[PDB]
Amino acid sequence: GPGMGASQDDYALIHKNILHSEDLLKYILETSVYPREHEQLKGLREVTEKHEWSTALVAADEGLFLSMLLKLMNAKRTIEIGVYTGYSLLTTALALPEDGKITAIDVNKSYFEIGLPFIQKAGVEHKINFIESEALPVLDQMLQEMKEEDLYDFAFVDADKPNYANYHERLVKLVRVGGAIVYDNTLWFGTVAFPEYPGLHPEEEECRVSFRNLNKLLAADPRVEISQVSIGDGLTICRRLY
């Protein structure tokens, strides 16, 4: 719609971190991440770093953390909401077993085609089923067709941030009991810690208010036990109880 420019350069929080020191984040990346990063994940990240929406790319240290979660819970069927160029999608496909399956949903396949060559040369494209659509209509039709023995083990939510609460009401019925739902950016550059934060782009302000509402909602939801982790831009792990 008509209005103000909503490009990445129009944003205010691009360079703000939740860690105190930029040295500390670089230490973690140089010491414990880059020596453990797949060669194709490195290539996908370096291309994405130059993209016009580079701020949406998931942090590399967080990627190695999501891979650890998938392996420890022995996930085999997962769903990803928000693919972009596919860093977390490639991370997920590399962690799953050979017969693992992923449902990847994004409104823009042009983003996904940027990282598709890296995914292919990693040899894990066969696990991925890409759905070019809005995520909410896909999840609602899944509610129509999913049987209990088809429920997902793991779900990464990283698409349109104000819609997390809407995705939640579907994913607690699409993920198995004891499965995991992870919401990304739940600390939003640290702006959620304050009732008001001046000088944000209108869309950044919408995310701050929506994340402050989601965090209260997740902490009070009896269907789930939560864990908010201050890695990357912050994430909340959600385990379905019933």
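One rule holds for the numbers: they count along the sequence shown, beginning at 1.
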Exercise. Averaging C-alpha B-factors over each stretch, which comes out higher, 116 to 124 or 147 to 155?
Worked result: 147 to 155
Exercise. Would 220 to 228 or 19 to 27 have the larger average of its C-alpha temperature factors, as given in the entry?
Worked result: 19 to 27
Exercise. Looking at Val33, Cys207, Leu69, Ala180, which has the highest CA B-factor as recorded?
Worked result: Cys207
For this session: Please rank the C-alpha B-factors of the chain's modelled residues and tell me whether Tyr164 sits in the lowest, middle or highest third.
Result: middle
Problem set entry | CA B-factor placement of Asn108, once the chain's modelled residues are sorted into thirds | highest
Exercise. Compared with the other modelled residues in the chain, in which third is the CA B-factor of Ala75?
Worked result: lowest
Exercise. Mind checking which third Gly190 falls in for C-alpha B-factor across the chain?
Worked result: middle
Seminar exercise, completed: Tertile call for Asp184 (CA temperature factor, within chain, third-based) is the middle
